[PDB]
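Novice: Going left to right, the sequence shown walks through residues 1 to 431 as the deposited numbering numbers them.
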Amino acid sequence: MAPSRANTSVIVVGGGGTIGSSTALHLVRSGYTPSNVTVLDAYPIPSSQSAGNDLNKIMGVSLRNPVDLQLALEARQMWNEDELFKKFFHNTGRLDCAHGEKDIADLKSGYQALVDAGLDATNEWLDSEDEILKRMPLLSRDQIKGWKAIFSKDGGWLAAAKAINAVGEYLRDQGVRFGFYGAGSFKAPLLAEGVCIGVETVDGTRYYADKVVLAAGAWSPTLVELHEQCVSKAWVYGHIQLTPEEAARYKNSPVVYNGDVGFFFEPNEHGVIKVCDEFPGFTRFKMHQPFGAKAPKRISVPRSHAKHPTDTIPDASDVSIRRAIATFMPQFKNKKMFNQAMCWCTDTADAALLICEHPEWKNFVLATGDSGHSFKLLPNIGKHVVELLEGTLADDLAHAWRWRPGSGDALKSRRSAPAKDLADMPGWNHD
Ligand SMILES: *Cc1cc2c(cc1C)nc1c(=O)[nH]c(=O)nc-1n2C[C@H](O)[C@H](O)[C@H](O)COP(=O)(O)OP(=O)(O)OC[C@H]1O[C@@H](n2cnc3c(N)ncnc32)[C@H](O)[C@@H]1O
Numbered sequence: 001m002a003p004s005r006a007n008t009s010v011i012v013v014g015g016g017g018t019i020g021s022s023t024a025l026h027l028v029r030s031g032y033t034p035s036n037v038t039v040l041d042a043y044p045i046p047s048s049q050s051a052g053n054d055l056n057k058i059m060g061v062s063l064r065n066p067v068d069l070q071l072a073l074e075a076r077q078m079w080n081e082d083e084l085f086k087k088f089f090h091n092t093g094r095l096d097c098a099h100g101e102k103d104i105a106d107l108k109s110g111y112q113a114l115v116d117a118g119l120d121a122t123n124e125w126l127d128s129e130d131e132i133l134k135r136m137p138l139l140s141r142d143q144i145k146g147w148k149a150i151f152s153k154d155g156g157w158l159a160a161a162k163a164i165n166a167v168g169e170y171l172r173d174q175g176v177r178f179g180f181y182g183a184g185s186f187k188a189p190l191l192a193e194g195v196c197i198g199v200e201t202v203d204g205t206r207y208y209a210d211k212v213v214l215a216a217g218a219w220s221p222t223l224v225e226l227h228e229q230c231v232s233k234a235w236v237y238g239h240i241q242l243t244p245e246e247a248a249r250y251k252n253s254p255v256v257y258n259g260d261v262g263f264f265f266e267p268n269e270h271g272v273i274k275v276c277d278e279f280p281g282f283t284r285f286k287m288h289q290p291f292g293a294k295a296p297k298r299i300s301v302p303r304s305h306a307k308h309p310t311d312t313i314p315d316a317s318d319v320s321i322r323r324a325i326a327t328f329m330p331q332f333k334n335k336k337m338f339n340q341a342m343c344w345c346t347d348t349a350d351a352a353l354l355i356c357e358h359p360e361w362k363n364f365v366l367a368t369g370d371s372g373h374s375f376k377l378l379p380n381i382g383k384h385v386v387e388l389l390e391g392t393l394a395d396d397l398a399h400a401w402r403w404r405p406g407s408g409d410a411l412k413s414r415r416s417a418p419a420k421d422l423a424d425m426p427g428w429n430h431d
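1. DSSP has residue 343 in a bridge; who is on the other side?
2. According to DSSP, simplified to helix, strand and coil, what is residue 92?
3. One question on the structure: do residue 438 and residue 16 come within less than 7 Å of each other, judged by their Cβ atoms?
4. Cα-Cα, which of 352, 318 and 366 is closest to residue 358?
5. Quick one: is the Cβ of residue 40 within less than 6 Å of any heavy atom of ligand 1?
6. Spatial neighbours of residue 250 within its chain, please: C-beta separation below 8 Å, excluding the five flanking residues on both sides.
7. From the DSSP output, which residues share a beta bridge with residue 362?
8. What does DSSP give as the partner residue(s) for residue 179 in the beta ladder?
9. Could you tell me which uninterrupted alpha helix (DSSP H) segments, each at least 4 residues in length, are contained entirely in the segment 200 to 278, listed from first to last along the chain?
10. Taking 6 Å as the line, does the beta carbon of residue 238 fall inside it for any heavy atom of ligand 1?
11. Which same chain residues end up closer than 6 Å to residue 286 when comparing Cβ atoms and leaving out the 5 residues on each side of it in sequence?
12. Can you tell me the Cα-Cα spacing of residue 230 and residue 348, whole angstroms?
13. Would you list, in sequence order, the uninterrupted alpha helix (DSSP H) runs of no fewer than 4 residues that lie entirely inside the segment 39 to 120?
14. With respect to the alpha helix (DSSP H) encompassing residue 285, which residues constitute its N-terminal and C-terminal limits?
15. For a quick check, are the C-beta atoms of residue 227 and residue 418 less than 7 Å apart?
16. Between residue 13 and ligand 1, is the CB less than 6 Å from at least one heavy atom?
17. Shorter than 6 Å, the distance from the beta carbon of residue 24 to the closest heavy atom of ligand 1, or not?
18. In or out: residue 13 buried (at least 16 other Cβ within 10 Å) or exposed?
19. Could you tell me whether the segment 365 to 382 touches the segment 75 to 91, where touching means 3 or more Cβ pairs closer than 8 Å?
See below:
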């Protein structure tokens, strides 16, 4: 008979990242014995190459699939109420802006979706630049002519790296096992009679456990064969440095986002503003054999800034981010960004997660397909990964997250175009 929860060992591969750390946290909260939980990652939590290892991420409700509502409301509750997470949510609001006929129309129906989901109380439609300027006076009336926006009072930003670090300190304090670098870089599951019984890492270390969760983010489809269910893509950011006096003016600013321009956050405690552009992401295709492939594979394999710290971003991305600064912060349009880097996610065709047992390898569970929208789910997502492990996952979540090679084209996903490839986007490589 299977061991009880208290005696069930679980390896979380990618446990130094977002979904992995959340899964480990929820194993412990659910009453798995901490010393039976092993967190393996290529890098110490929060992993240097985790998409969650950043200054900030946006918190808000965005409804791309039906399950998104439950998941966002769960996350919102915990960012507000959970003592582990609360201090890292800054509830400054989110300004979701659009300009142009198409983008405005899409935003208007998006607003109605929020209303229809029951969130009328915390979302307001701003129908002119004058209304936007009321919610953030530091935007330039010259740059935002003809813009409209949704203002979400319940949104804001998340101190992402700090939050994962706090989870790591919880796990450490509880007695969770850690393996990093050579001792944490997964290469293969260990299989016996079609059951997964552990993993082996690049340095030959073998870990044995009753269950294994693969929460390896953008690396997931590089590590095991996923039949193009997830296609990994990079997005980009840069940092600019403000004087203390400049930074003080921006204190408690709402997050500002425009799907056609990018987004930016208030300065952190060091006076640094992080800026992203917005675009369909970049692949980096190369020949690579994930465990379980039965033919030659060309797949998008992350070019990791952690492994290649002299990398920056494509020239085109430097241009686009600078255009975002010129639009959002014209007074800063001549600052030189630094710490430019690529940040990796993996898209499913429908932008819902991939959280399911492997169809052949019993007790090996996928927990990936983050689709560029999942940091905000740090507090809660692990709860549902545990439910999946235990066979108690609700039908709607399980269906949305199921193994689905048939589902569609992840290279385009729900985005405006198929991602371009870093091979065709010069300027990031300084080898
Ligand atoms: C890139 C990005 C993403 C992003 C964003 C802006 C950028 C530039 N803005 C967001 C926002 O405003 N709000 C939001 O909610 N999300 C936003 N995103 C997306 C978000 O960052 C991601 O969706 C999410 O963080 C991904 O979580 P996931 O757990 O899937 O991925 P990860 O945190 O990168 O963790 C993966 C871990 O796996 C480890 N790894 C890799 N290979 C191995 C091996 N071989 N063995 C063991 N571990 C491995 C990595 O080290 C990593 O820690």
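Each residue gets a CB set at the ideal place from its N, CA and C atoms; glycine is no exception.
Specialist: On the basis of the supplied data:
1. For the purposes of this step, residue 343 is identified with residue 343 of the sequence shown, where counting begins at 1. Residue 343 is bridged to 235.
2. Indexing the sequence shown from 1 puts residue 92 at position 92. In the structure shown, residue 92 sits in coil (DSSP, three-state: anything other than H, G, I, E or B).
3. The structure shown does not extend to residue 438, since the chain is modelled only from 1 through 431, so no value can be given for it.
4. In the sequence shown, counting from the first residue as 1, residue 358 sits at position 358. Considering only alpha carbons, the answer is 366.
5. To locate residue 40, count along the sequence shown from 1; it is residue 40. Because some heavy atom of ligand 1 lies under 6 Å away, the Cβ of residue 40 counts as near it: yes.
6. Residue numbering aside, residue 250 sits at position 250 when the sequence shown is read from its first letter. Contacts found: 138, 242, 266, 267 and 273.
7. Against the sequence shown, residue 362 aligns to sequence position 362. Beta-bridge pairing links residue 362 to 195.
8. If you number the sequence shown from 1, residue 179 lands on position 179. Answer is 40.
9. 220 to 223 and 244 to 249
10. Position 238 of the sequence shown, counted from the first residue, corresponds to residue 238. Because no heavy atom of ligand 1 lies under 6 Å away, the Cβ of residue 238 does not count as near it: no.
11. Position 286 of the sequence shown holds residue 286. Contacts found: 301.
12. In the sequence shown, residue 230 corresponds to position 230, counting from 1. In the sequence shown, residue 348 corresponds to position 348, counting from 1. Rounded to the nearest angstrom, the two C-alpha atoms are 5 Å apart.
13. 68 to 81 and 101 to 114
14. Your numbering for residue 285 matches position 285 in the sequence shown. Unbroken run through residue 285 is the beta strand (DSSP E), 285 to 287; no alpha helix (DSSP H).
15. The residue you call residue 227 lines up with position 227 of the sequence shown. The residue you call residue 418 lines up with position 418 of the sequence shown. No. Outside cutoff.
16. Position 13 of the sequence shown, counted from the start, is the residue given in the question as residue 13. Yes, Cβ of residue 13 sits closer than 6 Å to a heavy atom of ligand 1.
17. Against the sequence shown, residue 24 aligns to sequence position 24. Not so, every heavy atom of ligand 1 lies at least 6 Å from the Cβ.
18. Locating residue 13 in the sequence shown gives position 13, where the first residue counts as 1. Buried: at least 16 other Cβ atoms inside 10 Å.
19. yes
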